[PDB]
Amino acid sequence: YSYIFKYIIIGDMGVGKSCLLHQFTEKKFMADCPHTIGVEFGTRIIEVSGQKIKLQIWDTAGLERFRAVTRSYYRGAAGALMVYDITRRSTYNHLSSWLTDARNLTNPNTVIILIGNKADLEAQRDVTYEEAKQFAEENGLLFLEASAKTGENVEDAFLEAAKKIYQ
């Protein structure tokens, strides 16, 4: 479509990065997402301020360590989903270093949205809403809890970002 926005998804292994991508671009949680080897991307066409836009959304394994593909992965990114697991503090505790990497490997107006995923797993909650929402605001991030499994807030996460990137 007459503009293309490049998205990256980042975060620790097993937070649901691939499953979020797959819920968005095929409204289906097929299902037990089996851990990403190298690099792939999906697309979806959305509409913002009455204008059609292709989202082009890149996925790879949670790296952290620098590697050959690293620079070109971040390179052209207009939005970044920064994803943690609501049932695992560790994934949340690491957010700050993900944001660091993100911030020096993308352009400064790159729009970053924090996703606490696996919201369906209430019984196993290991991270509060409020403290994640706090971190989001302190750091000028957009914030949602979501579930790749149910679909819950998945569409909203991608579209909220797209608005802030613009018409």
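From 1 onward, residues are counted along the sequence shown.
- Taking the mean C-alpha B-factor of each stretch as recorded, 4-12 and 156-164 are not equal, and the higher mean is that of 156-164.
- Comparing 25-33 with 117-125, the stretch with the higher mean C-alpha B-factor in the PDB entry is 25-33.
- Taking the deposited Cα B-factors for 70, 51, 60, 43, the highest one is held by 51.
- The PDB entry assigns residue 136 a C-alpha temperature factor belonging to the highest third of its chain's modelled residues.
- Per-chain ranking of the deposited C-alpha B factor places residue 109 in the highest third.
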